[PDB]
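For clarity, chains are labelled A, B, C, D, E, F, G and H in written order, and residue numbers in each chain start from 1.
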Amino acid sequence: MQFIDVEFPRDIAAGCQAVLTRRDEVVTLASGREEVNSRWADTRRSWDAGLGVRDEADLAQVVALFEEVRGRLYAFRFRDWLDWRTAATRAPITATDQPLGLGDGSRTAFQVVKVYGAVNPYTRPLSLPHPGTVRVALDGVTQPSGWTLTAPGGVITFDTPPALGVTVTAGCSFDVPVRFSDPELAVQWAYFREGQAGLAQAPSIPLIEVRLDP
Amino acid sequence: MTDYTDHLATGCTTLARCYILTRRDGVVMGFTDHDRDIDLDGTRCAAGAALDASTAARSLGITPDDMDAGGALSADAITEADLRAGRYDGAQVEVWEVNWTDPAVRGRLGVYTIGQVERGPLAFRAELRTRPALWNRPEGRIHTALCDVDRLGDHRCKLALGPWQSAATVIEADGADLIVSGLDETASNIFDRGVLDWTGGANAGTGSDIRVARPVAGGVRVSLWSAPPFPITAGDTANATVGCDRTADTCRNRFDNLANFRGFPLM
Amino acid sequence: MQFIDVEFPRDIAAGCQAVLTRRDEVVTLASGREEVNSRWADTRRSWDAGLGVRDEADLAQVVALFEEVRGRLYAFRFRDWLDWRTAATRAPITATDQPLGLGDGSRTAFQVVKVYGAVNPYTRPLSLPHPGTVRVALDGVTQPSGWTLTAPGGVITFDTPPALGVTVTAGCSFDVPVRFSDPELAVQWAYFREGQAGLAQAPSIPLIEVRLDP
Amino acid sequence: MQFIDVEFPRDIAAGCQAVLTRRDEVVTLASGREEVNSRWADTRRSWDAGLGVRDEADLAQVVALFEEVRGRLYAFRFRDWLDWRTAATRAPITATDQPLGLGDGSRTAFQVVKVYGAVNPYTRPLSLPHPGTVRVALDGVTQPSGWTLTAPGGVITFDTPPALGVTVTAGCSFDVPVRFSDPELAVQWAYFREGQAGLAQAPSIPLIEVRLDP
Amino acid sequence: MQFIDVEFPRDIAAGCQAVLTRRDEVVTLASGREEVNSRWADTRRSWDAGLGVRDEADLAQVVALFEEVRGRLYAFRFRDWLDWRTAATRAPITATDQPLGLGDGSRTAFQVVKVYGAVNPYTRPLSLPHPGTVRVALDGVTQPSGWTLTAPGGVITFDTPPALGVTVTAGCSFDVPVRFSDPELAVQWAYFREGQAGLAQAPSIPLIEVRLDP
Amino acid sequence: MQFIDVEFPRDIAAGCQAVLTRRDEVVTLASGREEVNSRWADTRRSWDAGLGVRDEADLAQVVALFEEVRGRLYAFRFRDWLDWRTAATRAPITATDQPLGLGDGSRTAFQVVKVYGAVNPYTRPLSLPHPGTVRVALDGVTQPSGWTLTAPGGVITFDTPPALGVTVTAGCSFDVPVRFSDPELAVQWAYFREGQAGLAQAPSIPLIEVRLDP
Amino acid sequence: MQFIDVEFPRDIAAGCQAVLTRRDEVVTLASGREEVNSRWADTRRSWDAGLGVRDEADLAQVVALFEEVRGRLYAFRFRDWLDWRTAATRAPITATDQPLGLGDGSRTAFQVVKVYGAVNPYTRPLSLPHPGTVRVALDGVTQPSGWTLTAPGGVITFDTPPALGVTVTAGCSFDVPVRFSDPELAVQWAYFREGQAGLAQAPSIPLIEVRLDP
Amino acid sequence: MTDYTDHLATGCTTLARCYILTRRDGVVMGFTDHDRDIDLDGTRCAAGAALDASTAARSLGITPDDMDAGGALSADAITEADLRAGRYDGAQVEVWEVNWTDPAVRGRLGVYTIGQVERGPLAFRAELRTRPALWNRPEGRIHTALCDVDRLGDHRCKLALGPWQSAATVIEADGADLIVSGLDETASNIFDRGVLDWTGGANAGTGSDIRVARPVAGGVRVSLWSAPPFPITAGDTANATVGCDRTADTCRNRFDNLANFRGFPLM
């Protein structure tokens, strides 16, 4: 659907944990017999947040932000450090770093796709390319204008479809969609005022990377 | 199993019971409990996701024991489409206890027939009822006005059959109402209430009852009582079977087997 | 309802711990399409208190307050420092800081509301405005009087309704109704007599901010 | 009933837990709807003892005392330090400190009543006024003889009923009735003899302040 | 019954812990009226032992005793230091210290009883009185002989019954029948060999003082 | 049956734990009523092993040994330090130390029997006398040849039965039969290679002394 | 089947712990006679891995491998150091160290088998023999060639079958098929960015050596 | 409910189903599930103490659906005395699913009638049986010797009624045997086996059956079959209703409606 794009602050994200959620196993009889069930479209990522708040005012800001969606209305924009770099944490992401695909002369639209693994890679389309990190490249030359990027879509549309034999390569930061796992939020704030405290971390704020249904 | 009892007594026993399964088709599946495949008596039983047996119900036929041997469905061993077809339904599985330690000692724990079968997306649940339960179904031997000849050509019926029966090839696939070719106009309406065993295709002589046999252009359109088991392609060979209403008049007109009518209509 | 007006001392409030609970979720299938179903009464605050009671005589005063409520007859007032300031805790709370709304020429009454968010703020109506911290400002000028605050109501009624296109800005301290979760009250006093003490903090007392059902 | 009055040693009482027990909550729908059920006559207290035993001989004495009642026969007299003082731990209790009531000219008998809380106080009648701490006062003058104190009753009866307009004020130490919560008692005594030990803190002795039905 | 007489060494008893369990309770309504219903067999002591077994050879001796009992055939004798002295543990135990009762001129037999508490003492009959610590005193003078103690019985029978109004005072060490709670025996032995050991204390062995049911 | 005799290394046994398993309890009503059920032939010993492995190569050896029996096929030979010495850990075992019995003139065969306890001893026949520790003695003289020891049987058969009045005394080390309690084995080995570790202890290898049914 | 060939990196394999599970037990009565019933598939090895990742980028490579498997399509190869050496970890692995069997003049194919034990070794067939560590020795001399190893099969086929009474000795590294127990993958990555990190080890990943059903 | 389906599809849905309840008396309680009270079509539905249990029983009437909706008893919305009275019994509650997001879309999830009512000290349980269950109760249409005229003035009876019926005010409150005034001696014994609808008081025309009407001093003492629902004060107006034994002879003596006599006496 249209969804909602609401940024999750990177500093709060610094505190946030990372776990990998994968499905499709359900094997057969445990006599050494194995059958691969396919759930389909899996590889979501699990996270717990609020640990990056640092101080009470910031904690208030995230809490207000959670209230803004009133319980994860539609989508929520989450900055993922791991997916942000197509290349490496110490290596700059480039258009060439991630291969979108090859134009066939009719392929106007390419979704940004993250290929993970090599022999049998799983490709993840990215709902929101982080703005300004999106660079399009063609085998002949890095591609500039004429590519229409649908930021909500994650699809880049060449006005003139690339002819057969030119590789489309695009690398961008990943603003992943997230839906909070639990409505309940644990508030660790440390009383301020005369106490003048405030809390660096707020526990129990689980979120799940959500593969939004289009 | 006398030696199997000895194996238990020694304690040197490894269970290799193979759930040999003979379906209505008659195809046989080894389904052995032992993980290593065992070729007992020539037949090879591979574990093949063998149906699991846990809570033992044993009564010597006083109670038919329908073991709910529902195991992870093995696609290779069993097919869901066949289950829908019912080829797997009424499968007689003889559970023979065998020992990995000794192939020679095989004793049938019980003889069972799958009766109640259910399926899951990747698993199946099946009840292996003992033979008394099927035997215990009540026929009732009803005697009444219509010819009780029923299906023609039975030993009781002593039906001449023969010439009226004909063979046809489907011209159009219409499911229940498939149009067929190679049937005479006279043949139509004689096959009314008949059967259309399909030599061609998976049915291999399995025929849906023909509710109506009305002649049409390009051969007789055959309206079966039910859609054929398995998708029947056009051009599949079929054998049309004469259908008798079994009304005394119908019985008389078609064959007049007074000697073997099995009908007591006029009082 | 009028309820019972018993203040929760700020000092007893000092040292307390809180949690936030939201009631909207009820998601759909694993397709990745999730539907949010809301039954209302979301974002309630749960408080564990009894902290900072110092000497046992002071604790006895809190115990007396618990006895006065007698199993929470009606509702019990609680002072929240976090909501007390419309602005940041160090920052001064002002009429300008919270904007109540805009008059249409007939809008005599304005509810005091805390808007939690920007894009879709969840509004928390203030049942009880702390008195004397209430400042009302009309678009033209700060209003000294004529706004009739109903202390139980949380509604300020202008005798003359503000004209169309007139902003009303009001800032006040927040007093929030709380109903205790558990009838039993845990007591930590550490003894006196020869071993004089008075436990500084009594064990957590569950008192829940409750949005009263209308 | 007549009950039993058996003193609990103050030294053993020194090592004793205190928890406030209150009932009458049973609220209604969690839509923010609250209903106050009334159990009636609540406000009991919960205690765990044996931490004041000090030595094996004293431990034996309490154990023998528990055996005396053979499982809480009737009532048991417990010294409550918290309720002992009608004033403060550091302030002497006085007849004036606690207000029994006002004589109407027919009010011969006044039960010692402890008023806890102010606007809606709960008053607790005291079954056993500690002997010698009982002082009767009248508005005109502290009252001496002619008041018949029923020690088991907790009722003080003026032979000539006080006329209208004189306040009866009585403050006394509270010898509260107690019934042990659990028949089982844990014994920590530390073997003596060659070891010559003994234990100061026997654990798991549970008692509940009991409001005896009269 | 006669039972099996197997002594529990006091050295093994050294370091052990015990709990006291009473069977009388069965209370009534929450009105504050509680009824005590007693089914008897109250105040049984449960003992956890195996302590003070020193080197493994000593532990083996206790293990042999467990083997001798073979799942506690009949009953097993345990000597309790706490009950061994009629008087305080430091204080000498004397015939005078425990008063058995008063003869009526026909009272040949007196049970050895430990009276616990004063107002309503719970009496513990002593099944086994430790031999040689038994001292019998008639009101007129200490009795050297003529009192026939039945060691299994715990009853001392005067050949000539004490006359009416004659006090009988008898003090003796206490040996108490105990039946082990658990058939399994927990063993801490500490491996010997080159790293020589022998665990001083084996894990708690549950043995319960049992008031035998007639 | 014939069973299997497979030695358990003493060093691995050094790590092994010792516990005593005894049955025959199942007493009657807990009113102090006791009834002795007899399970019969009990007194097995519980052990947990693998803590004596020392290094990776040795750990492999025990694991291979467990695989050899493929899940405790028949019997397994366990070296028990406690039962090894008929006498004491510091005292040498002798034929005289353990009394097999007295020959009656027809008593050709005597099973090695360990008598535990004295007044009502339980005697344990030993399936495997450790070789070379078996010494036969007769009251007149230590007995040499003519006694046929069945090592699997544990029975020593005098070719000429000892006449009445000669005590047969035999003391030998006990190679007790064991059956592993659990098929699952925990492997703790510590990675070697560049790490060059190896592990002294492997947890979770329970075994139960088994009284084999012959 | 052919399966999917994905190697578990030895570096990621560094540090993992394993458990051995046997499926043969099913014992009988408490008489002391126990029957072993075997259903096969015994001695499977369960592995907890992900150790030694060192950094998040390296961890990402393992994560990519998990993504490549996509819920363990088919089977996944794991390298076990313990089984890699036919002999000992320090000791060289040689053709001579493991003896495959003896040819009968028709025995072209020999399975690579690890014999776990001496008296009744449990044989572990090697599905995957690491290439280039395979050395084949005929009784007469080491065989340079003509033995056709099927890498998926684990079977070496001599073109000319070894003659009767000819020993075949083959030693090679062991590669074992493993199927992950849990679809979800736990991630310990340690946040980088400003607080640069990269976790030394990921949390245990459950992967099970599986003897595939034939 | 089509838009409601759309609301679910969007995921922008907040449930405001309002369980509007019409009692036998006819009083209506909105009882909305949503915690914020919603006036749908001018009907406020009470947020407070609204019974939840939204799914309950949900067949299509093949199975009569009793929607079990245990709800916190709200004294204001529901009165225990009224439940005892039975005003709440036979209360038809129409459950309309509504959305807080959109008041306009109201789709009735089901029409339910409280059939089984249970009570607790502070909470109550209600089984909302469907209309088919009430419809399914068997009447049997019995035809027999006694007048089946039963209640007079019914369409079958076509009873003139009129003059014999009289209105009286209670003089003494005696529960079942209350003495009333304003009734003639002749009127007594004609009201025997009749009803005494009480215009005065809570009954508002609800009348306990008069087992016996006997003339006494100060008007007629009326012995009702049962004590009146609600405490009936003296001076409450009541309309005495003529009671017919519905015997063919009795019907004849009192009214002689031969045309409408429902008593078929002879055989």
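Everything that follows uses one rule, which is that a contact is a pair of C-beta atoms (placed from the backbone, for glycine too) under 8 Å apart; a residue touches a chain by one contact, two chains touch by 3 or more.
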**Prompt:** Comparing each of D-H, B-G or B-F with C-H, which pair has over half of its contact pairs in common by residue number?
**Reply:** B-G
**Chain pair showing more contacts of the two, D-H and B-G** = B-G
**Separation of subunit B from subunit H, taking each centre as the mean of its C-alpha atoms, in whole Å** = 59
**Prompt:** Taking each chain's centre as its mean C-alpha position, how far apart are subunit A and subunit C in Å?
**Reply:** 37
**Prompt:** How many angstrom lie between the CA centroids of subunit A and subunit D, rounded to a whole number?
**Reply:** 64
**Request:** Provide the list of subunit B residues touching at least two other chains, using ranges where the numbers run on.
**Result:** 10-12, 35, 47-48
**Message:** Give the list of subunit H residues in touch with subunit A in this complex.
**Reply:** 10-12
**Request:** Give every residue of subunit C touching subunit D within the complex, in rising order.
**Result:** 4, 6, 39-41, 56-57, 60, 63-75, 179-180, 182-187, 189, 191-196, 210-213
**subunit H residues within the subunit C interface of the complex** = 8-15, 33-37, 47-49, 100
**Request:** Over in the complex, which subunit A residues touch subunit B? Could you list them?
**Result:** 26, 28-29, 31-33, 35, 37
**Contacting residues of subunit G [partner subunit B, same complex]** = 24, 28, 33-41, 211, 213-214
